[PDB]
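Novice: Sharing a structure here in structure tokens format.
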RNA sequence: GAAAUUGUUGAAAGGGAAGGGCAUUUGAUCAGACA
RNA sequence: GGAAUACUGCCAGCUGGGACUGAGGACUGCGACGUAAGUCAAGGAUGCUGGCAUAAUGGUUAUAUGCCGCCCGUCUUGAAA
RNA sequence: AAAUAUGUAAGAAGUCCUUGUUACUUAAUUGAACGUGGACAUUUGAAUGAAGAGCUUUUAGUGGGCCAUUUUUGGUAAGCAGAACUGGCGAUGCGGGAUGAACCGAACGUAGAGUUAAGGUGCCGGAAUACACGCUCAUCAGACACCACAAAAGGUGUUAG
RNA sequence: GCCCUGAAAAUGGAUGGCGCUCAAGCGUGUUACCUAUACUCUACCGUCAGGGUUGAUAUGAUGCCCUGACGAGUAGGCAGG
RNA sequence: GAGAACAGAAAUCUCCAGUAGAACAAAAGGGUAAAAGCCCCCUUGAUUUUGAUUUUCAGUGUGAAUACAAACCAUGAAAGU
RNA sequence: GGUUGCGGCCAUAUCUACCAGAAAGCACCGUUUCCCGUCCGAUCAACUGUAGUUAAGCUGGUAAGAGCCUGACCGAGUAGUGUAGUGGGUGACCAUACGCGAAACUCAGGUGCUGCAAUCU
Ligand SMILES: [Mg+2]
Ligand SMILES: [Mg+2]
Ligand SMILES: [Mg+2]
Ligand SMILES: [Mg+2]
Ligand SMILES: [Mg+2]
Ligand SMILES: [Mg+2]
Ligand SMILES: [Mg+2]
Ligand SMILES: [Mg+2]
Ligand SMILES: [Mg+2]
Ligand SMILES: [Mg+2]
Ligand SMILES: [Mg+2]
Ligand SMILES: [Mg+2]
Ligand SMILES: [Mg+2]
Ligand SMILES: [Mg+2]
Ligand SMILES: [Mg+2]
Ligand SMILES: [Mg+2]
Ligand SMILES: [Mg+2]
Ligand SMILES: [Mg+2]
Ligand SMILES: [Mg+2]
Ligand SMILES: [Mg+2]
Ligand SMILES: [Mg+2]
Ligand SMILES: [Mg+2]
Ligand SMILES: [Mg+2]
Ligand SMILES: [Mg+2]
Ligand SMILES: [Mg+2]
Ligand SMILES: [Mg+2]
Ligand SMILES: [Mg+2]
Ligand SMILES: [Mg+2]
Ligand SMILES: [Mg+2]
Ligand SMILES: [Mg+2]
Ligand SMILES: [Mg+2]
Ligand SMILES: [Mg+2]
Ligand SMILES: [Mg+2]
Ligand SMILES: [Mg+2]
Ligand SMILES: [Mg+2]
Ligand SMILES: [Mg+2]
Ligand SMILES: [Mg+2]
Ligand SMILES: [Mg+2]
Ligand SMILES: [Mg+2]
Ligand SMILES: [Mg+2]
Ligand SMILES: [Mg+2]
Ligand SMILES: [Mg+2]
Ligand SMILES: [Mg+2]
Ligand SMILES: [Mg+2]
Ligand SMILES: [Mg+2]
Ligand SMILES: [Mg+2]
Ligand SMILES: [Mg+2]
Ligand SMILES: [Mg+2]
Ligand SMILES: [Mg+2]
Ligand SMILES: [Mg+2]
Ligand SMILES: [Mg+2]
Ligand SMILES: [Mg+2]
Ligand SMILES: [Mg+2]
Ligand SMILES: [Mg+2]
Ligand SMILES: [Mg+2]
Ligand SMILES: [Mg+2]
Ligand SMILES: [Mg+2]
Ligand SMILES: [Mg+2]
Ligand SMILES: [Mg+2]
Ligand SMILES: [Mg+2]
Ligand SMILES: [Mg+2]
Ligand SMILES: [Mg+2]
Ligand SMILES: [Mg+2]
Ligand SMILES: [Mg+2]
Ligand SMILES: [Mg+2]
Ligand SMILES: [Mg+2]
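Chains as they are written, first to last, in the deposited numbering: chain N9, 2 to 59; chain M8, 2 to 186; chain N1, 2 to 160; chain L7, 197 to 244; chain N0, 1 to 172.
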């Protein structure tokens, strides 16, 4: 016996009960897949300034 | 009819007494819902809720986690409140004085505290001394240090530990756990 | 049976704009991007390497990375009943800085002005935007302009 | 603030009736819906 | 569409910097209320000029009252109408006591004879046929002959109770 | 010593099923409350 | 020239008939009228009068009458089928 | 080259000044990133709403669908077969369409009073054998959406053009 | 435009039936009137929510009191009985 | 298109016009002119390491692809690729 | 203002026909020892700046020119379209209500703007 093949019927009804959640945003997102040359330096950079803001409270 | 825009007859979803069945727990609650209704002090309001908390949402605060909190700047004289049990911790070698107010103290903790000449207070003695919770430092334990939550969110590329009984090589470490056996995770 | 390859359905999407084929003009390359820049995306069919997938055509995203010949763009794509984060490695020929903010930025710079200009005078500001208000009363004159009276016209056929 | 403070008014159905034998055409077409301008007071009064 | 009033409506293309004081057009409009009247105005106006309500302004609306509401008058009426199969100009003559009565029965007649509903009709012109013998349709001329008199034969009085004890009579 | 199902007695109703719902008339039957 | 009137709208103008309801149970509020003492229709009915004191009202029941009512269970897109 | 649909943006995670960190980067303490110090509050930066918002765990049933308007493919067509968006039926009674899954109106705690919807008001049957202007006479008249069919072609019947 | 011809099927039969002809028909207009589990106001039930109340010397602190909104339901979940 | 012995519709030579009307293995659609097409020159980056990303998606796998990092090379005066 | 070298936007810069261009600059132009490339010093390489020319390039101007760019209640509130009705019609289809709104057409206006450095009667 054949039967229905496909439909989107009722699918956005379902998506909207719990509702298409807005994308959610963060201050300080991740560096995931950011350039490694950049990221390597960035590291030693932050090390330094930290150290220079430990000097601040000697 | 009404085009409703919100699910009707919804329960707020907050415990509103404890599920616990303990007289004494109920009395402490009797105490604090009175204080919470008549003292506009936020502390009483927080404590009232913490008493409803199930065992899991009450992880044990340790005596060493206690000792640390007191090394907070300007905090060493505060009386730490813990709505739950307080456990001992051999790993700290030196313990402060202070005054811990809590639900339960393990044998070892109450000793360690008292050995350095502190005080172990029950929450109701805490009330009589600090009805507005003056000078209190509330601590909570690690909720997500539970073994169970390890397995929450299990799926591909989530890194979360199988629900597994026996463990060792040849318990779920092959196809889909390494590049050389089909694929990986 | 069906076919659903990578650039399927894109006949006119990636197609090139009438009388505008050829080299891409050099300013497309002198332009400069930093992290956080908002960019709009549109594929240049003439540049086959580093090309956005059609779904991201017409889409706007934020820069998250800068490489030699490229920028990484994050887009939120909503799949299911939820958005997920997508990172796009695009070559500079498929990206342009967005104007979607120029009215904001222009407005802040100016809102800062009208404020200082007000504050150090004697307050009274009002610097939120407001929708089209309905218009006010008005007296239209007849002098030079008496009303002309039209009526409707009969049926005709010209053909 | 003033208007949000006001809880949505709850009118009864019009006393005189609606005018019209069918509500769901525009006022202008002999119906009831749409902007009917100053004729809104006749109605609302009959429902208030 | 109901019981008509006649309105002068006046509108005009929203002003602009380079064209303050645009030109002002009037229509006389038979409608049952001013709301329908302003609609009709915009309806024909977008049929004549480049405007629509969005970009234009009604300037003045005024009901015009019949000049001599108890003067019998011979009205020549001009109409454009749509039938099922085509559209059609047409001239009728109506005798009544005001342009407003006259347009009531035209719409009545158009509906009754040609099955034309209000949407499908366009008044071209209504004007008072001054000199008799420029009256053209007979069914009117008939009522201008001198010393006119007619009986109203076969009289039917409406009974007010269900039963009657007589057997009626249509003398008159 | 239940029920299906039966005999008798008593009461009722019945123009091609019966049973049911809202309501009241009519018959039968009955609790409470008055002080 | 000077009125009227219709039409539409307003009045925190007055006023008649009719229906349903009377939740609440000391006081506490916002008021109104009064020179005042008081008074009131102002955070929900009281006053006065009669009849019965029982199958009268009411319940139950059978019947009659008006309108209405297909056989439940099930599988099914869909069952009184 | 539309309409309808569609991405982003409308601030405190914001804008401006001062000038630290590095192994990246520059001819260059140049830049890039991350910072320390300082300037400005709710007309702090459109509307409307917000019985608040966010987050976590676990588990049932389900995984034959069907219909209506619109868009729409195959077919002469189908109460046929297959998609698009929404609204429905399925899972749902109530009023209307005599009747009827899906149309119209309207979604249901037990009730009183009122008012209405869609649909009606000769009698069946609650409600004008109301008012008003025309039209129609059928020896198979006609009579209300979905809906329970009719066409080309003709009439010196009659109406108005 | 209305009407007439074009217009043929099987049990007797359907504008819902009767019947209707200046209609009880067709087109259009104006009033009034009828009546849904819908709308408005009110009582009672239940659900959800927000308040208030441990002060003894009497009776439920899971209580008592105030206020507001809401109530369709297969499969299915949970709850109080 | 116009020109040159044999030479013809079609052999080889030249000039003019030439937006691609061609070619780019292959289906079709994109793309391309001092090239992505045609001729020549030098080559092995069709290599080594292990991650991120886009499509299909459960945001699994697989295929295919993208932009980087760390190598070693090719080519080019070079920027580069 | 011209011109050059490097440009940006890439036809208001393109196309066809014709005329005009001072000064400088570009240019055409001479040569073949040298590096270099060709069947061919035409291209490409080098050397002279000397021996010659505005003819071409280049620049500009003309044209009821082709094209291209702009504008407009020109056409048109037209086609098409979101939304409504127990609207019309046997149907095909079509009106109406609240909105959004083209393209062709037609007429007019235009025909490169401009950055950095050097140079020039
Ligand atoms: Mg099968
Ligand atoms: Mg099937
Ligand atoms: Mg299936
Ligand atoms: Mg552990
Ligand atoms: Mg793998
Ligand atoms: Mg295909
Ligand atoms: Mg080109
Ligand atoms: Mg490639
Ligand atoms: Mg009234
Ligand atoms: Mg009434
Ligand atoms: Mg009345
Ligand atoms: Mg009706
Ligand atoms: Mg009222
Ligand atoms: Mg007049
Ligand atoms: Mg026995
Ligand atoms: Mg009996
Ligand atoms: Mg009964
Ligand atoms: Mg009472
Ligand atoms: Mg009472
Ligand atoms: Mg007695
Ligand atoms: Mg008794
Ligand atoms: Mg008695
Ligand atoms: Mg009975
Ligand atoms: Mg029945
Ligand atoms: Mg079965
Ligand atoms: Mg079946
Ligand atoms: Mg949008
Ligand atoms: Mg609000
Ligand atoms: Mg709230
Ligand atoms: Mg589940
Ligand atoms: Mg499941
Ligand atoms: Mg399953
Ligand atoms: Mg199944
Ligand atoms: Mg529907
Ligand atoms: Mg089912
Ligand atoms: Mg239903
Ligand atoms: Mg019914
Ligand atoms: Mg029917
Ligand atoms: Mg009958
Ligand atoms: Mg009746
Ligand atoms: Mg009447
Ligand atoms: Mg129809
Ligand atoms: Mg015919
Ligand atoms: Mg005829
Ligand atoms: Mg029939
Ligand atoms: Mg009938
Ligand atoms: Mg009629
Ligand atoms: Mg009710
Ligand atoms: Mg109510
Ligand atoms: Mg329920
Ligand atoms: Mg529900
Ligand atoms: Mg190809
Ligand atoms: Mg080149
Ligand atoms: Mg290979
Ligand atoms: Mg697998
Ligand atoms: Mg010279
Ligand atoms: Mg040589
Ligand atoms: Mg030479
Ligand atoms: Mg050379
Ligand atoms: Mg010359
Ligand atoms: Mg040159
Ligand atoms: Mg030209
Ligand atoms: Mg449309
Ligand atoms: Mg509808
Ligand atoms: Mg329709
Ligand atoms: Mg049309």
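Idealized CB from N, CA, C, for every residue including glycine.
1. Using a Cβ cut-off of 7 Å, pull out every chain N9 residue sitting near residue 68 (chain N1), in sequence order please.
2. Would you mind working out which of 106 (chain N1), 130 (chain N1), 98 (chain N1) sits nearest residue 32 (chain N1), comparing C-alpha positions?
3. Could you tell me whether any Cβ in chain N0 is nearer than 8 Å to the Cβ of residue 57 (chain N1)?
4. In the structure shown, what three-state DSSP assignment does residue 38 (chain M8) receive?
5. For residue 63 (chain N0), name the three-state secondary structure that DSSP assigns.
6. What does the Cβ neighbour count give for residue 43 (chain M8), buried or exposed, with the cut at 16 atoms within 10 Å?
7. Quick one: does the C-beta of residue 46 (chain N1) sit closer than 7 Å to a heavy atom of ligand 7?
8. Which residues in chain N1 sit within 8 Å of residue 59 (chain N0), going by Cβ to Cβ distance?
9. Give a single yes or no on whether residue 87 (chain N1) has its beta carbon closer than 7 Å to a heavy atom of ligand 6.
10. Could you list which residues in chain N0 have their beta carbon closer than 9 Å to that of residue 151 (chain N1), in chain order?
11. Are any of the Cβ atoms in chain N0 nearer than 8 Å to that of residue 135 (chain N1)?
12. So for residue 67 (chain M8), helix, strand or coil by DSSP?
13. Below 8 Å on C-beta distance, what does residue 90 (chain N1) contact in chain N0?
14. Quick check: is the beta carbon of residue 10 (chain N0) nearer than 8 Å to any beta carbon in chain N1?
15. For the beta strand (DSSP E) holding residue 104 (chain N1), just list the boundary residues, first then last.
16. The alpha helix (DSSP H) with residue 38 (chain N0) in it runs from where to where?
17. Under the three-state reduction of DSSP, which class applies to residue 94 (chain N1): helix, strand or coil?
18. Output needed in chain order: residues of the region 19-32 of chain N9 with a Cβ under 7 Å from some Cβ in chain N1.
19. From the beta carbon of residue 146 (chain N1), is the nearest beta carbon of chain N9 less than 8 Å away?
20. In this structure, what does DSSP give as the bridge partners for residue 89 (chain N0)?
21. Does DSSP put residue 125 (chain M8) in a helix, a strand or coil?
22. Going by beta-carbon coordinates alone, are residue 139 (chain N0) and residue 153 (chain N0) separated by less than 8 Å?
23. Would a C-beta distance cut-off of 8 Å place residue 136 (chain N0) and residue 66 (chain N0) closer than the cut-off?
24. Could you tell me whether the region 47-67 of chain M8 touches the region 89-104 of chain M8, using the rule of 3 or more Cβ pairs below 8 Å?
25. Taking DSSP as the reference, what is the three-state secondary structure of residue 184 (chain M8)?
26. Of all the CB atoms in chain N0, is at least one closer than 8 Å to the CB of residue 155 (chain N1)?
27. Measure from the alpha carbon of residue 87 (chain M8) to the alpha carbon of each residue in 71 (chain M8), 114 (chain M8), 8 (chain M8), then state which is nearest.
28. In the DSSP assignment, what are the bridge partners of residue 73 (chain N0)?
29. Scan the region 66-115 of chain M8 and note each continuous beta strand (DSSP E) run of 3 residues or more that stays entirely inside, going in chain order.
30. If you measure from the beta carbon of residue 84 (chain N1) to each beta carbon in chain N9, is any gap under 8 Å?
31. Would you say residue 120 (chain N0) faces chain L7, with C-beta separation under 8 Å as the test?
Specialist: In brief:
1. Numbered from 1 along the third chain, position 67 holds the residue referred to as residue 68 (chain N1). Chain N9 residues near residue 68 (chain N1): 36.
2. Translated into positions along the third chain, residue 32 (chain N1) becomes position 31. Its Cα nearest to that of residue 32 (chain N1), the residue 98 (chain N1) stands out among 106 (chain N1), 130 (chain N1), 98 (chain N1).
3. For the purposes of this step, residue 57 (chain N1) is identified with residue 56 of the third chain, where counting begins at 1. By this cut-off, residue 57 (chain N1) is not an interface position.
4. For the purposes of this step, residue 38 (chain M8) is taken as residue 37 along the second chain, with counting starting at 1. Per DSSP, reduced to three states, the secondary structure at residue 38 (chain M8) is helical.
5. One-based indexing of the fifth chain puts residue 63 (chain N0) at position 63. Shown here, residue 63 (chain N0) sits in a strand according to DSSP, grouped into three states.
6. Taking the first residue of the second chain as position 1, residue 43 (chain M8) is located at position 42. Exposed.
7. Within the third chain, the letter at position 45 stands for residue 46 (chain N1). Exclusion of residue 46 (chain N1) from the 7 Å shell around ligand 7 follows from its C-beta lying no nearer than that to any non-hydrogen atom of the ligand.
8. For the purposes of this step, residue 59 (chain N0) is taken as the residue at position 59 of the fifth chain. Going along chain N1 in sequence order, the residues near residue 59 (chain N0) (Cβ under 8 Å) are 141.
9. Along the third chain, one-based indexing puts residue 87 (chain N1) at 86. Not under cutoff, so the answer is no.
10. Translated into the one-based positions of the third chain, residue 151 (chain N1) becomes position 150. In chain order: 25, 26, 27, 44, 45, 48, 49.
11. Taking the first residue of the third chain as 1, we reach residue 135 (chain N1) at position 134. No, residue 135 (chain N1) lies away from the interface with chain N0 (no Cβ there is under 8 Å from its Cβ).
12. Walking along the second chain from the start, residue 67 (chain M8) turns up at place 66. In the structure shown, residue 67 (chain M8) sits in a helix (DSSP, three-state: H, G or I).
13. Here residue 90 (chain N1) refers to the residue found at position 89 when the third chain is read from its first residue. Those do not exist, as residue 90 (chain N1) stays about 46 Å from chain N0 at its closest Cβ, beyond 8 Å.
14. Along the fifth chain, one-based indexing puts residue 10 (chain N0) at 10. Answer yes: the Cβ-Cβ gap between residue 10 (chain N0) and chain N1 drops below 8 Å somewhere.
15. Along the third chain, read from residue 1 onward, the residue named residue 104 (chain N1) stands at position 103. If you look at residue 104 (chain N1), you'll find it isn't in any beta strand (DSSP E); it sits in the alpha helix (DSSP H) that goes 103-123.
16. Here residue 38 (chain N0) refers to the residue found at position 38 of the fifth chain. DSSP places residue 38 (chain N0) inside the alpha helix (DSSP H), whose first and last residues are 34-45.
17. Taking the third chain and counting its residues from 1, the one referred to as residue 94 (chain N1) is at position 93. Helix.
18. From the region 19-32 of chain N9, only 19, 20, 21, 22, 24 have a Cβ closer than 7 Å to chain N1.
19. What you label residue 146 (chain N1) is simply residue 145 of the third chain in a count that begins at 1. It does not; no Cβ of chain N9 falls within 8 Å.
20. Counting from one through the fifth chain, the residue named residue 89 (chain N0) turns up at place 89. The partner list for residue 89 (chain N0) (beta bridge, DSSP) reads 80 (chain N0).
21. Here the question's residue 125 (chain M8) lines up with position 124 in the second chain. Looking at residue 125 (chain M8) - three-state DSSP - the assignment turns out to be helix.
22. Within the fifth chain, residue 139 (chain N0) is the residue found at index 139, counting from 1. Within the fifth chain, residue 153 (chain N0) is the residue found at index 153, counting from 1. Taking 8 Å as the Cβ cut-off, residue 139 (chain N0) and residue 153 (chain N0) do not qualify as a contacting pair.
23. Counting from one through the fifth chain, the residue named residue 136 (chain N0) turns up at place 136. Counting from one through the fifth chain, the residue named residue 66 (chain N0) turns up at place 66. Residue 66 (chain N0) sits away from residue 136 (chain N0), with the two beta carbons spaced by 8 Å or more.
24. The count of Cβ pairs closer than 8 Å, one atom from the region 47-67 of chain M8 and one from the region 89-104 of chain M8, reaches three, so the stretches are in contact.
25. The residue given as residue 184 (chain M8) occupies position 183 in the second chain. In this structure, residue 184 (chain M8) counts as coil in the three-state DSSP scheme.
26. As a working note, residue 155 (chain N1) is residue 154 in the third chain. Cβ-Cβ to chain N0 under 8 Å: yes for residue 155 (chain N1).
27. Taking the first residue of the second chain as 1, we reach residue 87 (chain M8) at position 86. The candidate whose alpha carbon is nearest that of residue 87 (chain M8) is 114 (chain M8).
28. By one-based count along the fifth chain, residue 73 (chain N0) stands at place 73. The partner list for residue 73 (chain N0) (beta bridge, DSSP) reads 96 (chain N0).
29. Listed in chain order, the complete beta strand (DSSP E) runs (minimum 3 residues) inside the region 66-115 of chain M8 are 80-88, 100-106.
30. Counting from one through the third chain, the residue named residue 84 (chain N1) turns up at place 83. At least one chain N9 Cβ lies under 8 Å of residue 84 (chain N1).
31. Stepping through the fifth chain from its first residue, residue 120 (chain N0) is reached at position 120. Taking a beta-carbon distance threshold of 8 Å, residue 120 (chain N0) does not count as an interface residue toward chain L7.
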